[PDB]
Structures are given as structure tokens and as C-alpha cells.
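Quick setup: one chain, the form deposited in one PDB entry, written in C-alpha cells, and binding and motion questions come after.
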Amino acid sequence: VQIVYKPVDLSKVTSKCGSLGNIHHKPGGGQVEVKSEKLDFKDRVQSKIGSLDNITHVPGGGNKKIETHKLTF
């Protein structure tokens, strides 16, 4: 039995921008209630309860090359 695994990337992920400029983010403040009795979180759980989070995310180039190579015999 023989296996050869040899993938090749010459790939370009690229951007040009003259200026990002006048971004404004101005949210009025909302309201939240959450009510419960019992929570069980039991394997690899991600959770987010009753949050009011505001995000401004303004990268000078935010491109990405998420990648995966897997070999299982």
C-alpha cells in the first residue's frame, strides 16, 4: 500500500482600498429580560443568554483563507 498527498497553493488573497472613511455606529439602547429555572450544558456547548452587545468591526482588509488538510488511513 502507498499513499502520496502533495497539494500545492500559489493562491493570492488580496485587497486594495483608497480609504475606509466616515463609518458611524450609533445604536439607541434596547431592553432585555430572560427567565428560567434550570440549565444543564454537558458537552462542547457555546451559549449566550440575554446579551445586549454592540460591535463595530472595520478591518483595513479582513479577507481570510480558512483551510484544512486531513488524511485518515
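Shifts are known only where both forms have a C-alpha. Rigid core (definition): largest C-alpha set, two forms, superposition within 1.5 Å. Numbering starts at 1 and runs along the sequence shown.
Keep in mind that the form deposited in another entry is missing from the display, and what follows is about it.
After the core is overlaid between this form and the one not shown, has the C-alpha of residue 44 moved by 2 angstroms or more?
It does shift by 2 Å or more.
On a core-based superposition, does residue 35 travel 2 Å or more at its Cα between this form and the one not shown?
Residue 35: C-alpha displaced by 2 Å or more between this form and the one not shown.
For residues common to both forms, which consecutive runs of 3 or more show C-alpha displacement of 2 Å or more between this form and the one not shown upon rigid core superposition, listed in sequence order?
Run found: 35-48, no others.
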